[PDB]
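Novice: Next up, coords_9.cif (mmCIF, C-alpha atoms and all ligand atoms).
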data_target
#
loop_
_atom_site.label_atom_id
_atom_site.label_comp_id
_atom_site.auth_asym_id
_atom_site.auth_seq_id
_atom_site.Cartn_x
_atom_site.Cartn_y
_atom_site.Cartn_z
CA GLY A 3 0.00 0.00 0.00
CA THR A 4 0.93 3.66 0.35
CA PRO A 5 1.33 5.69 3.54
CA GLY A 6 -1.97 7.31 4.51
CA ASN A 7 -3.71 5.37 1.73
CA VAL A 8 -2.84 8.23 -0.63
CA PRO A 9 -2.78 7.59 -4.41
CA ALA A 10 0.08 5.33 -5.53
CA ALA A 11 3.23 7.19 -6.57
CA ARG A 12 3.45 7.96 -10.30
CA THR A 13 7.01 9.25 -9.95
CA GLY A 14 9.04 6.12 -10.68
CA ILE A 15 10.77 6.23 -7.29
CA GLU A 16 10.69 2.83 -5.64
CA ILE A 17 10.81 3.10 -1.86
CA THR A 18 13.08 0.39 -0.47
CA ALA A 19 13.89 -0.83 3.02
CA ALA A 20 16.96 1.44 2.84
CA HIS A 21 14.74 4.46 2.21
CA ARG A 22 12.43 3.50 5.07
CA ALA A 23 15.40 3.17 7.44
CA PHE A 24 16.54 6.66 6.34
CA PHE A 25 13.16 8.30 6.91
CA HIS A 26 12.81 6.58 10.27
CA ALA A 27 16.28 7.54 11.53
CA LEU A 28 15.90 11.22 10.55
CA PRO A 29 15.80 13.44 13.62
CA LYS A 30 12.53 15.36 13.61
CA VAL A 31 10.46 18.04 15.18
CA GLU A 32 6.68 17.95 14.80
CA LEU A 33 4.92 21.33 14.77
CA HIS A 34 1.45 20.40 13.46
CA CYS A 35 -0.41 17.63 15.25
CA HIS A 36 -3.81 17.57 16.93
CA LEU A 37 -3.87 15.62 20.19
CA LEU A 38 -7.36 14.31 19.48
CA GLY A 39 -6.24 13.19 16.01
CA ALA A 40 -3.50 11.04 17.57
CA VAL A 41 -5.62 8.72 19.73
CA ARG A 42 -4.70 5.06 19.18
CA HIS A 43 -7.56 2.91 17.90
CA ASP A 44 -7.40 0.62 20.93
CA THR A 45 -7.34 3.55 23.36
CA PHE A 46 -10.39 4.95 21.55
CA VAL A 47 -12.04 1.56 22.19
CA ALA A 48 -11.11 1.61 25.90
CA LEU A 49 -12.45 5.14 26.33
CA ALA A 50 -15.70 4.28 24.54
CA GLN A 51 -16.31 1.11 26.56
CA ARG A 52 -15.69 2.88 29.87
CA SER A 53 -17.80 5.97 29.08
CA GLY A 54 -20.65 3.96 27.61
CA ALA A 55 -20.41 6.18 24.55
CA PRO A 56 -23.20 5.63 21.98
CA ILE A 57 -20.57 4.30 19.58
CA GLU A 58 -20.21 0.55 18.92
CA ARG A 59 -17.11 -1.32 17.73
CA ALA A 60 -18.22 -0.77 14.12
CA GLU A 61 -19.08 2.93 14.50
CA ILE A 62 -15.52 3.31 15.81
CA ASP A 63 -14.26 1.87 12.53
CA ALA A 64 -15.94 4.27 10.13
CA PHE A 65 -14.21 6.78 12.43
CA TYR A 66 -10.84 5.13 11.72
CA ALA A 67 -11.47 4.22 8.07
CA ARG A 68 -9.29 6.30 5.75
CA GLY A 69 -10.60 6.11 2.19
CA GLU A 70 -9.59 7.35 -1.26
CA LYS A 71 -11.56 10.62 -1.36
CA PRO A 72 -11.40 10.86 2.43
CA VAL A 73 -13.85 12.87 4.49
CA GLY A 74 -12.45 15.26 7.07
CA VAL A 75 -12.01 13.84 10.55
CA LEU A 76 -13.30 16.83 12.53
CA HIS A 77 -16.36 14.77 13.52
CA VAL A 78 -14.11 12.23 15.27
CA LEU A 79 -12.55 15.02 17.33
CA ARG A 80 -16.08 16.19 18.16
CA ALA A 81 -17.08 12.69 19.29
CA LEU A 82 -14.00 12.51 21.55
CA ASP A 83 -15.00 15.75 23.30
CA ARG A 84 -18.68 14.92 23.64
CA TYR A 85 -18.60 11.23 24.60
CA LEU A 86 -15.17 9.74 25.23
CA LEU A 87 -12.94 12.12 27.17
CA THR A 88 -14.66 12.24 30.56
CA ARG A 89 -11.82 12.63 33.09
CA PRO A 90 -8.63 14.72 33.16
CA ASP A 91 -6.66 11.48 33.27
CA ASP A 92 -7.91 10.60 29.77
CA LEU A 93 -6.12 13.71 28.46
CA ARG A 94 -2.96 12.70 30.32
CA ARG A 95 -3.15 9.26 28.71
CA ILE A 96 -3.61 10.44 25.14
CA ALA A 97 -0.86 13.07 25.47
CA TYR A 98 1.55 10.46 26.84
CA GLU A 99 0.66 7.91 24.15
CA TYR A 100 0.98 10.45 21.32
CA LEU A 101 4.41 11.52 22.57
CA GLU A 102 5.49 7.87 22.92
CA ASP A 103 4.45 7.21 19.32
CA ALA A 104 6.20 10.35 18.05
CA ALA A 105 9.39 9.48 19.96
CA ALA A 106 9.39 6.03 18.35
CA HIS A 107 9.89 7.82 15.02
CA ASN A 108 12.73 10.00 16.30
CA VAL A 109 10.62 13.07 16.91
CA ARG A 110 12.78 14.82 19.52
CA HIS A 111 10.47 17.79 20.04
CA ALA A 112 6.70 17.90 19.44
CA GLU A 113 4.35 20.89 19.66
CA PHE A 114 0.72 19.77 19.59
CA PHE A 115 -2.75 21.32 19.44
CA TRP A 116 -5.57 20.88 21.98
CA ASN A 117 -8.93 22.70 21.94
CA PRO A 118 -9.83 23.75 25.49
CA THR A 119 -13.28 25.01 24.48
CA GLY A 120 -14.52 21.50 23.74
CA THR A 121 -12.93 20.10 26.89
CA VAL A 122 -14.31 22.75 29.26
CA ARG A 123 -17.71 23.43 27.65
CA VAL A 124 -18.57 20.03 26.19
CA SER A 125 -16.61 17.43 28.19
CA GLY A 126 -17.18 19.52 31.33
CA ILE A 127 -13.60 19.24 32.58
CA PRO A 128 -12.27 22.44 34.18
CA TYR A 129 -9.40 24.09 32.30
CA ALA A 130 -6.98 23.95 35.24
CA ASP A 131 -7.43 20.20 35.68
CA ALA A 132 -7.29 19.49 31.96
CA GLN A 133 -4.07 21.45 31.41
CA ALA A 134 -2.43 19.92 34.48
CA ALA A 135 -3.25 16.43 33.21
CA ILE A 136 -1.84 17.09 29.74
CA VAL A 137 1.29 18.63 31.28
CA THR A 138 1.73 15.51 33.43
CA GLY A 139 1.54 13.37 30.29
CA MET A 140 4.19 15.61 28.70
CA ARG A 141 6.50 15.41 31.71
CA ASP A 142 6.07 11.63 31.94
CA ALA A 143 6.89 11.25 28.22
CA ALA A 144 10.01 13.41 28.56
CA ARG A 145 11.08 11.19 31.47
CA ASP A 146 10.30 7.90 29.72
CA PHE A 147 11.18 8.59 26.06
CA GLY A 148 13.36 11.71 26.18
CA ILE A 149 11.03 13.65 23.88
CA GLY A 150 10.51 17.36 24.53
CA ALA A 151 7.14 18.99 23.95
CA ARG A 152 5.02 22.13 24.00
CA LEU A 153 1.24 22.42 24.32
CA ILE A 154 -0.61 24.85 22.04
CA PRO A 155 -4.17 25.51 23.25
CA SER A 156 -6.12 26.23 20.08
CA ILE A 157 -9.15 28.31 19.25
CA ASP A 158 -12.20 26.42 17.95
CA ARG A 159 -13.04 28.87 15.17
CA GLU A 160 -16.57 27.48 14.82
CA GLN A 161 -17.43 29.04 18.18
CA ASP A 162 -17.78 32.72 19.11
CA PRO A 163 -14.64 34.90 19.41
CA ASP A 164 -15.48 35.27 23.14
CA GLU A 165 -14.49 31.63 23.61
CA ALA A 166 -11.12 32.42 22.05
CA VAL A 167 -10.54 35.23 24.56
CA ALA A 168 -11.56 32.79 27.32
CA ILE A 169 -8.69 30.48 26.31
CA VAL A 170 -6.09 33.19 26.74
CA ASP A 171 -7.65 34.06 30.13
CA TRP A 172 -7.33 30.40 31.15
CA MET A 173 -3.71 30.28 29.98
CA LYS A 174 -2.77 33.40 31.95
CA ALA A 175 -4.32 31.89 35.10
CA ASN A 176 -2.42 28.62 34.64
CA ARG A 177 1.06 29.48 33.40
CA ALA A 178 3.42 26.58 32.75
CA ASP A 179 6.68 26.31 30.83
CA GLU A 180 5.10 23.58 28.69
CA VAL A 181 2.35 25.86 27.38
CA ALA A 182 3.88 28.08 24.73
CA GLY A 183 1.21 29.78 22.63
CA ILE A 184 -2.08 29.58 20.77
CA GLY A 185 -3.37 28.36 17.45
CA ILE A 186 -6.71 28.36 15.59
CA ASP A 187 -8.36 25.43 13.81
CA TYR A 188 -11.60 23.60 12.88
CA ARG A 189 -13.56 24.56 9.74
CA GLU A 190 -12.06 27.68 8.13
CA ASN A 191 -14.96 28.39 5.75
CA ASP A 192 -16.90 31.53 6.72
CA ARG A 193 -14.88 31.90 9.96
CA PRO A 194 -12.06 34.19 8.86
CA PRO A 195 -9.00 34.85 11.04
CA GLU A 196 -9.71 38.56 11.65
CA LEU A 197 -12.85 37.54 13.55
CA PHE A 198 -10.46 36.41 16.32
CA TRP A 199 -8.31 39.55 16.50
CA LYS A 200 -8.96 40.03 20.22
CA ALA A 201 -7.67 36.64 21.34
CA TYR A 202 -4.51 37.08 19.26
CA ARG A 203 -3.92 40.56 20.69
CA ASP A 204 -4.38 39.21 24.20
CA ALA A 205 -2.10 36.19 23.64
CA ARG A 206 0.73 38.33 22.31
CA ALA A 207 0.26 40.88 25.12
CA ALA A 208 0.55 37.98 27.58
CA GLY A 209 3.88 36.95 26.04
CA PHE A 210 2.60 33.93 24.11
CA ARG A 211 3.63 32.90 20.62
CA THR A 212 0.88 32.39 18.06
CA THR A 213 0.16 30.31 14.99
CA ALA A 214 -2.92 29.88 12.77
CA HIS A 215 -4.51 27.49 10.28
CA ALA A 216 -4.97 29.59 7.11
CA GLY A 217 -5.51 28.87 3.43
CA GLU A 218 -6.91 25.37 3.96
CA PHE A 219 -10.04 24.12 2.15
CA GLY A 220 -9.21 26.42 -0.77
CA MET A 221 -9.87 29.46 1.41
CA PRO A 222 -8.52 32.76 0.04
CA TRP A 223 -4.81 33.64 0.30
CA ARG A 224 -6.15 36.78 2.03
CA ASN A 225 -6.56 34.64 5.14
CA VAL A 226 -2.83 33.91 5.11
CA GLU A 227 -2.09 37.62 4.73
CA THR A 228 -4.44 38.42 7.62
CA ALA A 229 -2.82 35.80 9.89
CA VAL A 230 0.68 37.07 9.18
CA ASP A 231 0.08 40.82 8.97
CA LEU A 232 -2.92 41.44 11.24
CA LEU A 233 -2.68 38.66 13.83
CA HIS A 234 1.15 38.76 13.62
CA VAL A 235 1.54 34.99 13.87
CA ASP A 236 4.98 33.50 14.40
CA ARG A 237 4.32 30.72 11.92
CA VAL A 238 1.53 29.52 9.63
CA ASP A 239 -0.35 26.21 9.50
CA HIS A 240 -1.01 24.96 5.95
CA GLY A 241 -1.00 28.24 4.00
CA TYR A 242 -1.47 26.45 0.67
CA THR A 243 -3.40 29.07 -1.27
CA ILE A 244 -0.58 31.59 -0.81
CA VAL A 245 0.84 30.12 -4.04
CA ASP A 246 -1.92 32.09 -5.80
CA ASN A 247 -0.04 35.29 -4.90
CA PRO A 248 3.63 35.16 -5.85
CA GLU A 249 4.09 38.76 -4.64
CA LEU A 250 3.08 37.82 -1.10
CA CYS A 251 5.20 34.68 -1.41
CA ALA A 252 8.24 36.88 -2.08
CA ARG A 253 7.55 38.98 1.02
CA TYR A 254 7.05 36.04 3.34
CA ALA A 255 10.03 34.19 1.83
CA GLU A 256 12.18 37.21 2.72
CA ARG A 257 10.77 37.25 6.27
CA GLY A 258 11.50 33.54 6.69
CA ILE A 259 7.99 32.62 7.85
CA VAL A 260 7.71 28.86 8.42
CA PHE A 261 4.67 27.02 7.00
CA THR A 262 3.67 23.70 8.52
CA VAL A 263 2.41 21.40 5.76
CA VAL A 264 0.54 18.12 5.74
CA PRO A 265 0.98 15.78 2.76
CA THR A 266 -2.11 13.83 3.85
CA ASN A 267 -4.33 16.96 3.91
CA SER A 268 -7.86 15.61 3.50
CA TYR A 269 -9.21 18.51 1.44
CA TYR A 270 -6.73 18.03 -1.40
CA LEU A 271 -7.05 14.23 -1.33
CA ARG A 272 -10.81 14.60 -1.62
CA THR A 273 -10.98 17.35 -4.26
CA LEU A 274 -8.12 16.52 -6.65
CA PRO A 275 -8.46 13.53 -9.03
CA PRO A 276 -6.16 10.72 -7.90
CA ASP A 277 -4.05 10.99 -11.09
CA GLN A 278 -3.41 14.69 -10.38
CA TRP A 279 -3.23 14.87 -6.58
CA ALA A 280 0.56 14.69 -6.20
CA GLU A 281 1.08 16.91 -9.25
CA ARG A 282 -1.35 19.70 -8.38
CA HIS A 283 -1.04 19.92 -4.60
CA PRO A 284 0.04 23.52 -3.88
CA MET A 285 2.50 22.22 -1.25
CA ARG A 286 4.63 20.91 -4.13
CA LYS A 287 5.24 24.46 -5.38
CA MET A 288 5.87 26.21 -2.07
CA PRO A 289 9.67 25.77 -1.71
CA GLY A 290 10.22 26.91 -5.32
CA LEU A 291 8.40 30.11 -4.37
CA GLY A 292 11.02 30.65 -1.65
CA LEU A 293 8.84 29.53 1.26
CA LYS A 294 10.13 27.50 4.21
CA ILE A 295 7.92 24.45 4.66
CA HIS A 296 8.00 21.64 7.21
CA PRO A 297 6.03 18.38 6.86
CA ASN A 298 3.82 16.98 9.64
CA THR A 299 1.16 14.32 10.35
CA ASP A 300 -1.76 16.57 11.54
CA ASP A 301 -3.98 13.65 12.67
CA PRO A 302 -1.57 10.69 12.62
CA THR A 303 -3.88 7.91 13.79
CA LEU A 304 -6.90 9.09 11.77
CA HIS A 305 -4.91 9.87 8.61
CA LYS A 306 -2.97 6.61 9.06
CA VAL A 307 0.36 8.42 8.76
CA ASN A 308 3.28 8.40 11.22
CA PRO A 309 6.16 10.96 11.20
CA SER A 310 8.49 8.67 9.19
CA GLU A 311 5.75 8.22 6.59
CA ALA A 312 5.01 11.94 6.34
CA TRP A 313 8.67 12.56 5.51
CA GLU A 314 8.65 9.62 3.07
CA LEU A 315 5.72 11.12 1.11
CA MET A 316 7.64 14.34 0.47
CA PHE A 317 10.31 12.24 -1.28
CA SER A 318 8.15 9.52 -2.87
CA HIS A 319 5.27 11.62 -4.21
CA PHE A 320 6.14 15.32 -4.15
CA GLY A 321 9.49 15.34 -5.94
CA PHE A 322 11.60 16.61 -3.06
CA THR A 323 15.21 15.49 -2.95
CA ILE A 324 17.33 14.38 -0.01
CA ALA A 325 18.85 17.88 -0.02
CA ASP A 326 15.35 19.40 0.11
CA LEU A 327 14.54 17.21 3.12
CA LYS A 328 17.63 18.51 4.93
CA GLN A 329 16.29 22.04 4.41
CA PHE A 330 12.87 20.98 5.71
CA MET A 331 14.59 19.66 8.85
CA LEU A 332 16.32 23.01 9.31
CA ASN A 333 12.99 24.79 8.72
CA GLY A 334 11.46 22.80 11.56
CA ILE A 335 14.25 23.97 13.86
CA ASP A 336 13.73 27.59 12.77
CA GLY A 337 9.98 27.35 13.28
CA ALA A 338 10.03 25.68 16.70
CA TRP A 339 8.97 27.55 19.82
CA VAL A 340 12.23 27.12 21.71
CA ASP A 341 15.03 29.57 22.49
CA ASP A 342 17.89 30.55 20.18
CA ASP A 343 20.47 28.49 22.09
CA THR A 344 18.38 25.37 21.64
CA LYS A 345 17.94 26.07 17.92
CA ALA A 346 21.67 26.60 17.47
CA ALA A 347 22.46 23.36 19.27
CA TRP A 348 19.98 21.43 17.13
CA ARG A 349 21.41 22.87 13.92
CA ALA A 350 24.97 22.04 14.94
CA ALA A 351 24.09 18.47 15.96
CA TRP A 352 21.31 17.37 13.62
CA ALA A 353 22.89 18.59 10.37
CA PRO A 354 25.90 16.25 10.71
CA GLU A 355 23.56 13.47 11.84
CA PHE A 356 21.48 13.97 8.70
CA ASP A 357 24.63 13.97 6.55
CA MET A 358 25.67 10.59 7.97
CA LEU A 359 22.20 9.12 7.41
CA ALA A 360 22.32 10.29 3.79
CA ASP A 361 25.69 8.58 3.24
CA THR A 362 24.35 5.42 4.90
CA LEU A 363 21.35 5.46 2.56
CA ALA A 364 23.84 5.31 -0.32
CA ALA A 365 25.75 2.47 1.38
CA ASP A 366 22.56 0.53 2.12
CA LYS A 367 21.47 0.82 -1.52
CA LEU A 368 24.86 -0.47 -2.69
CA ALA A 369 24.63 -3.38 -0.25
CA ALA A 370 21.12 -4.29 -1.42
CA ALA A 371 22.44 -4.30 -4.99
ZN ZN B 401 -4.37 20.85 11.61
#
Step by step, read the file and then write its structure as structure tokens.
Specialist:
Amino acid sequence: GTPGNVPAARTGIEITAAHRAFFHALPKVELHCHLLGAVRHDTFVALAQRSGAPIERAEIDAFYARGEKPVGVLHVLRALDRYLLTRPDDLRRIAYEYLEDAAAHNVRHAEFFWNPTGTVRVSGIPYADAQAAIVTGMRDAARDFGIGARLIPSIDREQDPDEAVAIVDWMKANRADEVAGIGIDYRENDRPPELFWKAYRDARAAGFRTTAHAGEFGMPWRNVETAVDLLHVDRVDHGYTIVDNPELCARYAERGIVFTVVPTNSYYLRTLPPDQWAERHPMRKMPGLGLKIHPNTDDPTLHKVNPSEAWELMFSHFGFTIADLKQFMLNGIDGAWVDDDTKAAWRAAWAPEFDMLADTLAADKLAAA
């Protein structure tokens, strides 16, 4: 098969065991992953059985089925909030298990999204208890697997902008080194980023970094411009439609804005014909427009893609070379929400590591031959 059940590669590159070992060994950061999109199937089962959720073993499997013109998985996230996640400890568990799974693929630093609005308003778990539980999961995973992490409470853009302000209020009342900034997600259509100006102002005034989903679902490149130049985000999530405006691309290339990208993005898989998906995905054109991109899983267990596979897809389907992948690694370091000393250390250490893995890929290929 193919990672994420995406269309089969039409590029002539045959992925070998050597390639898979390379993609696996690559040191990685992950900057775009939703906690609730990283729940293991069997943990989903355990949560459902304990909560008595109105979801049977087979309803759980349409949830985890990843088809050829795949539907978006936002409804699964909604089901988790409404029926499955009923105690703070459930949030601890899924954070710990996500970080364990990321670490297994040599993710050394993961920044992940969680929507507090759903947890507080729908699950009925107080913010303070929810955040503490997630932070415990993070600290346990650092202890057990050596993976570092940041939590990014994220605005549910389908709810009123007052709920977004409420998140920043919660964050200010519960400061923790693990909690680094805010994002915004859920359905972008008709919920433009400027609607949430107040929460972004408040987050930045409180010393938090910010990011935003923008230009997904074919939404206008204007949304990317608004995120960067009104909300003043530190990085952008997706950003695909920016390719429609090469002038803006030039400006943001010069500013070095990092764009988190998701090869398994459901919208493009669903809307592009399978024979044109890899060819016409705007992500393919972004680096040539001068933009710094960085590949990620988004919803790894629901998209059926792990970090090693997300990196593989860039090479197998999207025409990016080994050298391009080294740049993407460096882009992830630049985009991470850590201090300059940490970034410098990662550049100095991971670049030579990458170089050795690239030489070993060549040696492994020769040995297979
Ligand atoms: Zn996302």
Novice: Nearest residue to ligand ZN 401 (chain B) out of A:249, A:113, A:44, A:361, using all atoms listed in the file?
Specialist: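 Going through A:249, A:113, A:44, A:361 one by one, the smallest distance to ligand ZN 401 (chain B) is for A:113.
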Novice: Do you know which residues are within 10 Å of ligand ZN 401 (chain B) using all atoms listed in the file? Can you write them as a PyMOL selection string?
Specialist: chain A and resi 33-36+39+76+114-115+185-188+214-216+218+239-240+262-264+267+298-301
Novice: I need the chosen residues saved as a tab-separated table (two decimals), in the frame of the given file, with C-alpha atoms.
Specialist:
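Saved result, part32.tsv, follows:
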chain	number	residue	atom	x	y	z
A	33	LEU	CA	4.92	21.33	14.77
A	34	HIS	CA	1.45	20.40	13.46
A	35	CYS	CA	-0.41	17.63	15.25
A	36	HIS	CA	-3.81	17.57	16.93
A	39	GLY	CA	-6.24	13.19	16.01
A	76	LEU	CA	-13.30	16.83	12.53
A	114	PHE	CA	0.72	19.77	19.59
A	115	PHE	CA	-2.75	21.32	19.44
A	185	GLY	CA	-3.37	28.36	17.45
A	186	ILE	CA	-6.71	28.36	15.59
A	187	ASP	CA	-8.36	25.43	13.81
A	188	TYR	CA	-11.60	23.60	12.88
A	214	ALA	CA	-2.92	29.88	12.77
A	215	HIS	CA	-4.51	27.49	10.28
A	216	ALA	CA	-4.97	29.59	7.11
A	218	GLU	CA	-6.91	25.37	3.96
A	239	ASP	CA	-0.35	26.21	9.50
A	240	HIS	CA	-1.01	24.96	5.95
A	262	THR	CA	3.67	23.70	8.52
A	263	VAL	CA	2.41	21.40	5.76
A	264	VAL	CA	0.54	18.12	5.74
A	267	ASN	CA	-4.33	16.96	3.91
A	298	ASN	CA	3.82	16.98	9.64
A	299	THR	CA	1.16	14.32	10.35
A	300	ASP	CA	-1.76	16.57	11.54
A	301	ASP	CA	-3.98	13.65	12.67
Novice: One number please: CA of residue 135 in chain A to CA of residue 50 in chain A, in Å, one decimal.
Specialist: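 Between these atoms lies a distance of 19.4 Å.
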Novice: My list of candidates is A:295, A:157, A:181, A:170. Which is closest to residue 134 in chain A when distances are computed with only C-alpha atoms?
Specialist: A:181
Novice: Near residue 124 in chain A, within 9 Å and counting all atoms listed in the file, which residues show up once chain neighbours fewer than 2 positions away are dropped, as a list in words?
Specialist: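 Final neighbour list, sorted by chain and number: residues 83, 84, 85, 119, 120, 121, 122, 126 and 127 of chain A.
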Novice: Can you pull out the residues contacting residue 286 in chain A? Cut-off 10 Å, using all atoms listed in the file, and skip same-chain residues under 6 positions away; I want them as JSON, numbers by chain.
Specialist: {"A": [242, 245, 265, 280, 316, 319, 320, 321, 322]}
Novice: Take the selection from the previous step and output its residues with C-alpha atoms, as a short mmCIF file (atom, residue, chain, number, x, y, z; two decimals), in the frame of the given file.
Specialist:
data_model
loop_
_atom_site.label_atom_id
_atom_site.label_comp_id
_atom_site.auth_asym_id
_atom_site.auth_seq_id
_atom_site.Cartn_x
_atom_site.Cartn_y
_atom_site.Cartn_z
CA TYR A 242 -1.47 26.45 0.67
CA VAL A 245 0.84 30.12 -4.04
CA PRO A 265 0.98 15.78 2.76
CA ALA A 280 0.56 14.69 -6.20
CA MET A 316 7.64 14.34 0.47
CA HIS A 319 5.27 11.62 -4.21
CA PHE A 320 6.14 15.32 -4.15
CA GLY A 321 9.49 15.34 -5.94
CA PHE A 322 11.60 16.61 -3.06
#
Novice: Between A:86, A:370, A:271, A:315, single out the one closest to residue 71 in chain A, counting all atoms listed in the file.
Specialist: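 That would be A:271, the residue with the smallest distance to residue 71 in chain A.
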